[PDB]
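Asker: The structure follows.
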Amino acid sequence: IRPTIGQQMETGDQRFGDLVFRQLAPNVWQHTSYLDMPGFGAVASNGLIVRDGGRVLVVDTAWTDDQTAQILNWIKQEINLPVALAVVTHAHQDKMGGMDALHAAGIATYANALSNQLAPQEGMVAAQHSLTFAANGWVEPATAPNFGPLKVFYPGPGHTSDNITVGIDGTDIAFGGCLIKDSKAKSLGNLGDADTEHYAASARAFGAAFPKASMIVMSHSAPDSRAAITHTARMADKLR
Ligand SMILES: CC1(C)S[C@H]([C@H](NC(=O)COc2ccccc2)C(=O)O)N[C@H]1C(=O)O
Ligand SMILES: [Zn+2]
Ligand SMILES: [Zn+2]
């Protein structure tokens, strides 16, 4: 697997069917799935798997149901603990394309209320539960029951108006999804649904929400330093 967009395979990557898994911490793995483009090649998308004692938590689906069912099969084989819930980080196919596989498995799914409202318009199935957010971006705790180490933060509109992010408490990892691009990126990716006015502030708000996270995970590049945040914000400064 050699994607046109997204990180390549490296030492420490485990191939499992059509997907790639990489351990990031004792209890955190990155899942990677690929959508092949007629004429362009494969585009990688990354999410996370977190072990929290006797249960597993997932951030983001794969691009498709079948790929997402493979994530669940990898969890069964390598961890052998139940998936308690999944959080999906906005209403686009790379993050929510496999909702039906989670539902078929009986996994409780959560997304920003706005993501659930946009899902029908975006060709997605809504999560079964809605997260809501305070005026400073922090999730309302009663809407995120029993989330363990997942600390959900809405940084403001950027890549989309509904994009959310997730810090992993008890680790130095934070997940920026499609909002954050890596420190070497040349572009901000698909800006078709983006808020170019507010993007820079939203990227910086993510950094300030998780100020001690040193490993920044993102949808389409390998985990990076905090320069992913600062570089994304610098590129976004140019859009205003
Ligand atoms: C990696 C991206 C540039 S595309 C992805 C997202 N597209 C889809 O999920 C489904 O459409 C397609 C998906 C892939 C290729 C073509 C169509 C979007 O529109 O934002 N997020 C972008 C990003 O992270 O910048
Ligand atoms: Zn998107
Ligand atoms: Zn994306």
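By order in the structure tokens, chains are A, B, ...; within a chain, residues start at 1; ligands start at 1, following the order shown.
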With only C-alpha atoms as the counted atoms, please give the residues lying no more than 9 Å from stretch 229-233 of chain A, apart from itself and same-chain residues fewer than 5 positions off, as a compact mmCIF listing (two decimals) with C-alpha atoms, in the first residue's frame.
Answerer:
```txt
# COMPACT_ATOMS: atom_id res chain seq x y z
CA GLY A 176 -6.85 17.15 15.32
CA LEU A 179 -8.47 20.42 10.89
CA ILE A 180 -4.71 19.98 11.42
CA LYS A 181 -2.20 19.32 8.63
CA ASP A 182 1.34 18.25 9.25
CA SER A 183 4.26 20.59 9.79
CA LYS A 184 5.57 20.05 6.24
CA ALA A 185 2.22 20.41 4.47
CA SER A 187 -1.84 23.18 1.65
CA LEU A 188 -4.80 22.98 3.99
CA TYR A 199 -9.63 28.67 10.51
CA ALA A 200 -6.47 30.14 12.04
CA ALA A 201 -8.10 30.92 15.37
CA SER A 202 -9.69 27.45 15.45
CA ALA A 203 -6.35 25.73 14.84
CA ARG A 204 -4.72 27.80 17.60
CA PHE A 206 -7.00 23.36 19.51
CA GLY A 207 -3.37 23.88 20.49
CA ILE A 216 -0.42 15.53 17.35
CA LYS A 238 -3.00 33.64 4.71
```
Asker: Show me, as CSV, the residues of stretch 121-141 of chain A having an atom within 12 Å of stretch 53-64 of chain A, each with the closest atom pair and its distance in Å, using only C-alpha atoms.
Answerer:
```
residue,atom,partner,partner_atom,distance
A:124,CA,A:64,CA,10.6
A:125,CA,A:61,CA,11.7
A:127,CA,A:61,CA,11.1
```
Asker: So, counting only C-alpha atoms and all ligand atoms, which residue among A:165, A:109, A:146, A:93 is closest to ligand 1?
Answerer: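 Using only C-alpha atoms and all ligand atoms, ligand 1 sits closest to A:93.
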Asker: Rounded to one decimal, what separation in Å do you get between atom CA of residue A:193 and atom CA of residue A:113?
Answerer: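 Calculated distance between atom CA of residue A:193 and atom CA of residue A:113 is 17.2 Å.
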Asker: Just the residues within 10 Å of residue A:88, please, counting only C-alpha atoms, with nothing from its chain fewer than 3 positions along; format it as a count of residues only.
Answerer: 25
Asker: Enumerate, in order of chain and increasing residue number, the residues of stretch 135-239 of chain A with an atom no farther than 9 Å from stretch 23-33 of chain A, each with its shortest atom pair and distance in Å to one decimal, counting only C-alpha atoms, as a tab-separated table.
Answerer:
```
residue	atom	partner	partner_atom	distance
A:168	CA	A:28	CA	8.8
A:171	CA	A:25	CA	7.8
A:173	CA	A:24	CA	8.6
A:215	CA	A:24	CA	8.9
A:217	CA	A:30	CA	8.4
A:219	CA	A:32	CA	8.7
A:220	CA	A:32	CA	9.0
A:223	CA	A:24	CA	8.5
```
Asker: If you keep C-alpha atoms, can you produce a file of those selected residues as a compact mmCIF listing (two decimals), in the first residue's frame?
Answerer:
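What landed in out_14.txt:
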```
# COMPACT_ATOMS: atom_id res chain seq x y z
CA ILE A 168 -6.35 11.57 25.18
CA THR A 171 -1.08 10.52 27.44
CA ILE A 173 -1.52 12.65 22.41
CA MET A 215 2.16 14.06 19.73
CA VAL A 217 -2.38 12.94 15.38
CA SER A 219 -6.31 12.51 9.46
CA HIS A 220 -3.86 12.43 6.55
CA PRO A 223 1.74 11.76 13.98
```
